[PDB]
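Encoded as structure tokens, the structure appears first; notes follow it.
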Amino acid sequence: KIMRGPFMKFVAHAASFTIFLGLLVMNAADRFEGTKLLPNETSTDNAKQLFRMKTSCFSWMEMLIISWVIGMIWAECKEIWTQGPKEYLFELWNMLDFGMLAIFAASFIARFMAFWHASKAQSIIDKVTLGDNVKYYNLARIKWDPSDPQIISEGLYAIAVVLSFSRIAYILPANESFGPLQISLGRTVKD
Amino acid sequence: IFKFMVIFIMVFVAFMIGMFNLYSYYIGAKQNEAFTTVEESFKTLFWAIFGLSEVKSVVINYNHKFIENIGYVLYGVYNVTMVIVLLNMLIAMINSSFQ
Amino acid sequence: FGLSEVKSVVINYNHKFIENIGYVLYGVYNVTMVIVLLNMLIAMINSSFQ
Ligand SMILES: CCCCCCCCCCCC(=O)OC[C@@H](COP(=O)(O)OCC[N+](C)(C)C)OC(=O)CCCCCCCCC
Ligand SMILES: CC(C)CCC[C@@H](C)[C@H]1CC[C@H]2[C@@H]3CC=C4C[C@@H](OC(=O)CCC(=O)O)CC[C@]4(C)[C@H]3CC[C@]12C
Ligand SMILES: CC(C)CCC[C@@H](C)[C@H]1CC[C@H]2[C@@H]3CC=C4C[C@@H](OC(=O)CCC(=O)O)CC[C@]4(C)[C@H]3CC[C@]12C
Ligand SMILES: CC(C)CCC[C@@H](C)[C@H]1CC[C@H]2[C@@H]3CC=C4C[C@@H](OC(=O)CCC(=O)O)CC[C@]4(C)[C@H]3CC[C@]12C
Ligand SMILES: O=C([C@H]1COc2ccccc2O1)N1CCC2(C=Nc3ccc(Cl)cc32)CC1
Ligand SMILES: O=C([C@H]1COc2ccccc2O1)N1CCC2(C=Nc3ccc(Cl)cc32)CC1
Numbered sequence: 001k002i003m004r005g006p007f008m009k010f011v012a013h014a015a016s017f018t019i020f021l022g023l024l025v026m027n028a029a030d031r032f033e034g035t036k037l038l039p040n041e042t043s044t045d046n047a048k049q050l051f052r053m054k055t056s057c058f059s060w061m062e063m064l065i066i067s068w069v070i071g072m073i074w075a076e077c078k079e080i081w082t083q084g085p086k087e088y089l090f091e092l093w094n095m096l097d098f099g100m101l102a103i104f105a106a107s108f109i110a111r112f113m114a115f116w117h118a119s120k121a122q123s124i125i126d127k128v129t130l131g132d133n134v135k136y137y138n139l140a141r142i143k144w145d146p147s148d149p150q151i152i153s154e155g156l157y158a159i160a161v162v163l164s165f166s167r168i169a170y171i172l173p174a175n176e177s178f179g180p181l182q183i184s185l186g187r188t189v190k191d
Numbered sequence: 192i193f194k195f196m197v198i199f200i201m202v203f204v205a206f207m208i209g210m211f212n213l214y215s216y217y218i219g220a221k222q223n224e225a226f227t228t229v230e231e232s233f234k235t236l237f238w239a240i241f242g243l244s245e246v247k248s249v250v251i252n253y254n255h256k257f258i259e260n261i262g263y264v265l266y267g268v269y270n271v272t273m274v275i276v277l278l279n280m281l282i283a284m285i286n287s288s289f290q
Numbered sequence: 291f292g293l294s295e296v297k298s299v300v301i302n303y304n305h306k307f308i309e310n311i312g313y314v315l316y317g318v319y320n321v322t323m324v325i326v327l328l329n330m331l332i333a334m335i336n337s338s339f340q
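Chains as they are written, first to last, in our numbering: chain A, 1 to 191; chain B, 192 to 290; chain C, 291 to 340.
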């Protein structure tokens, strides 16, 4: 009965957003003081799989981030049809929310098809000179194409990680000290 | 001022995590060591406020111009956003003294 | 933001006509941008004193 009150629902939503931001911080936790994987070298750690299987496998933190953003797209698509494309599209912060969710979705879509190409190439050929169908795998960062579907994912993921911090403005007008500050920012943003 | 420092810290931490996630995989393949660790991303985006961070801190050596153009756009948006937050802090400080 | 150097406008030949055109255009650009910023500040002040 306490956990279905409005204030506890607000606290639970703020806590889930805090968990999402902490996951976005701690996802790149092996590279805080150094990557230890140079763009010239290659590491597989199994001596049977190729290099593009280690760089394309989803971790558990990435699976949790995918779960959070799928829940966010679901909770936004449930609300866009309740108000229609007249009250939703009129507000310009819904543009920012839909853009952040779309860029996250495109990043995960590109990472999935990169992993699918890598898994297909590792499945059709399960140390000699490899043939001319899986030779654009087990390669370093220099010899990737400029339109590789993993660097598209890594490019969109940074924009989505920057844009996901704009949801503080949804929980910020509940405070007595940072509410009028947001009101003053929105007052001056028009000029 | 101590209420706009929180907004400064929010924009700073957001862009720090974003550009560190963008440039961490190019640690030995850049012109300088910026945005390759959390310390270098910190000392790049902090001294970009006073104009002590050069614009070639964001380019790479390979022909991946996708990630380089993402870095240019993110760094320009960071600079414009910091100038906007400073110009709003000035108006808030004016209004807090005309009362 | 002051991250473009002033030697971005000079050439190697002895065509100082085009180089002086470039100096004048770049200085006028910088002064005009400062003026538009100072007018944006006053508009933002007037939009908050109402
Ligand atoms: C070629 C040049 C490129 C230009 C790019 C520059 C970007 C300009 C940013 C302006 C932000 C602003 O003033 O927003 C005003 C208020 C919203 O007012 P309102 O109109 O009241 O919006 C109400 C929103 N609502 C309560 C309805 C959810 O914003 C905030 O609340 C600030 C949030 C604090 C921290 C966020 C971190 C961001 C990291 C990227
Ligand atoms: C360095 C930066 C990036 C901080 C990282 C993100 C979070 C740890 C911060 C940012 C925004 C914060 C929130 C801003 C506003 C509030 C409202 C506050 O409650 C009230 O003020 C209203 C109570 C009432 O109704 O009387 C509870 C804390 C909370 C959720 C904060 C919880 C912690 C948050 C999520
Ligand atoms: C919620 C709203 C406000 C989002 C705003 C959009 C931008 C913040 C994002 C989304 C689309 C992105 C762009 C998508 C395509 C391009 C072209 C691309 O160009 C190249 O790849 C160079 C050639 C090569 O070597 O492949 C580089 C990234 C870039 C500029 C991206 C820059 C950042 C953009 C503009
Ligand atoms: C509508 C009004 C406000 C127009 C204002 C006038 C200026 C914007 C223009 C018109 C005349 C131009 C000038 C004409 C003559 C000179 C001298 C010339 O000097 C040399 O050629 C160096 C020696 C050589 O090697 O030939 C270089 C360009 C310059 C400064 C020009 C600079 C830009 C000027 C001042
Ligand atoms: O410097 C920047 C950023 C700085 O931050 C920005 C912030 C908001 C909007 C634009 C910004 O541009 N770029 C990106 C675009 C760039 C890359 N290739 C081309 C080709 C033609 C043109 Cl006309 C431009 C370019 C040049 C370098
Ligand atoms: O730097 C500039 C520009 C910068 O932008 C300007 C904007 C508006 C008005 C003047 C500006 O001067 N120049 C141009 C003039 C210059 C070229 N030969 C001489 C000889 C004697 C003197 Cl006394 C000066 C010069 C020096 C370099």
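Ideal Cβ positions, reconstructed from N, Cα and C, are used throughout, including at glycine.
If the cut is a Cβ gap below 8 Å, which residues of chain A does residue i touch?
i, result
"residue 334 of chain C", "188, 191"
"residue 215 of chain B", "28, 31, 35"
"residue 225 of chain B", "The contacting residues do not exist; residue 225 of chain B stays about 14 Å from chain A at best."
"residue 194 of chain B", "177, 178, 181"
Taking the alpha carbon of residue i as the point to measure from, which residue in the options has its own alpha carbon closest?
i, options, result
"residue 150 of chain A", "A/111, A/177, A/142", "A/111"
"residue 22 of chain A", "B/199, B/204, B/218", "B/204"
"residue 252 of chain B", "B/242, B/224, B/199", "B/224"
"residue 134 of chain A", "A/29, A/9, A/52", "A/52"
"residue 103 of chain A", "A/83, A/28, A/154", "A/154"
"residue 255 of chain B", "A/19, A/189, A/144", "A/144"
"residue 147 of chain A", "A/114, A/12, A/122", "A/114"
"residue 295 of chain C", "B/247, B/264, B/260, B/217", "B/247"
"residue 221 of chain B", "A/18, A/142, A/91, A/95", "A/142"
"residue 65 of chain A", "A/118, A/182, A/108, A/189", "A/108"
"residue 54 of chain A", "A/116, A/81, A/25", "A/116"
"residue 169 of chain A", "A/127, A/94, A/190", "A/94"
"residue 267 of chain B", "B/215, B/242, B/192", "B/242"
"residue 219 of chain B", "A/32, A/30, A/41", "A/41"
"residue 78 of chain A", "A/62, A/63, A/98", "A/98"
"residue 283 of chain B", "A/190, A/180, A/1, A/35", "A/180"
"residue 199 of chain B", "B/278, B/288, B/217, B/250", "B/278"
"residue 163 of chain A", "A/178, A/184, A/101", "A/101"
"residue 339 of chain C", "B/285, B/193, B/194, B/192", "B/285"
Since residue i meets chain A, which of its residues come closer than 9 Å, beta carbon to beta carbon?
i, result
"residue 337 of chain C", "187, 188, 190, 191"
"residue 228 of chain B", "31, 32, 33, 34, 35"
Which residues in chain B have a C-beta closer than 7 Å to the C-beta of residue i? List them in chain order.
i, result
"residue 317 of chain C", "Within chain B, no residue comes near residue 317 of chain C; the closest Cβ sits about 19 Å away, beyond 7 Å."
"residue 331 of chain C", "278"
"residue 162 of chain A", "205, 206, 209, 265"
Compute every distance between the C-beta of residue i and the non-hydrogen atoms of ligand 7, then say whether any falls below 7 Å.
i, result
"residue 24 of chain A", "With respect to ligand 7, the structure shown offers nothing to examine, as its ligands consist of ligand 1, ligand 2, ligand 3, ligand 4, ligand 5 and ligand 6."
Which residues of chain B have a Cβ atom closer than 8 Å to the Cβ of residue i, listed in chain order?
i, result
"residue 312 of chain C", "Within chain B, no residue comes near residue 312 of chain C; the closest Cβ sits about 20 Å away, beyond 8 Å."
"residue 155 of chain A", "213, 257, 258, 261"
"residue 158 of chain A", "209, 210, 212, 213, 261, 265"
"residue 24 of chain A", "208"
Quick one: which chain C residues come within Cβ less than 9 Å of residue i?
i, result
"residue 184 of chain A", "338"
Residue i CB to nearest chain E CB: under 8 Å?
i, result
"residue 246 of chain B", "No chain E appears in the structure shown, which is made up of the protein chains A, B and C."
Can you pull the chain C neighbours of residue i, defined as C-beta to C-beta under 7 Å?
i, result
"residue 270 of chain B", "291"
Residues of chain B with a CB under 9 Å from the CB of residue i: which are they?
i, result
"residue 152 of chain A", "257"
### Message
For the pair the stretch 120–139 of chain A and the stretch 236–253 of chain B, tell me if three or more CB-CB distances fall below 8 Å.
### Response
With a cut-off of 8 Å on Cβ pairs, the stretch 120–139 of chain A is not in contact with the stretch 236–253 of chain B, counting fewer than three such pairs.
### Task
Just list the alpha helix (DSSP H) runs in the stretch 1–73 of chain A, keeping only unbroken ones of 4 residues or longer that don't cross its boundaries, in chain order.
Fully enclosed alpha helix (DSSP H) runs of 4 or longer: 6–26, 51–54.
### Query
Listed in chain order, which residues are found with a beta carbon closer than 7 Å to a heavy atom of ligand 5?
In chain order, the qualifying residues are B/260, B/263, B/264, B/266, B/267, B/268, B/271.
### Message
Assess contact between the stretch 60–75 of chain A and the stretch 36–47 of chain A, defined as three or more Cβ pairs (one per stretch) separated by less than 8 Å. Is contact present?
### Response
Because the criterion of three Cβ pairs below 8 Å is not met, the stretch 60–75 of chain A and the stretch 36–47 of chain A do not touch.
### Message
Under 8 Å, with one C-beta from each stretch per pair, do the stretch 171–181 of chain A and the stretch 135–142 of chain A reach the 3-pair mark?
### Response
Not touching, per the Cβ criterion.
### Query
At a cut of 8 Å, does the stretch 256–270 of chain B reach the stretch 310–324 of chain C through at least three beta carbon pairs?
Segment contact: the stretch 256–270 of chain B against the stretch 310–324 of chain C, fewer than three CB-CB distances shorter than 8 Å; contact not assigned.
### Message
Is it the case that the stretch 198–217 of chain B contacts the stretch 5–19 of chain A, given that we only count it when at least three CB pairs across the two stretches are under 8 Å?
### Response
No: fewer than three Cβ pairs fall under 8 Å.
#### Entry: Whole alpha helix (DSSP H) elements within the stretch 114–190 of chain A, 4-residue minimum
Within the stretch 114–190 of chain A, the complete alpha helix (DSSP H) runs of at least 4 residues are 149–163, 179–188.
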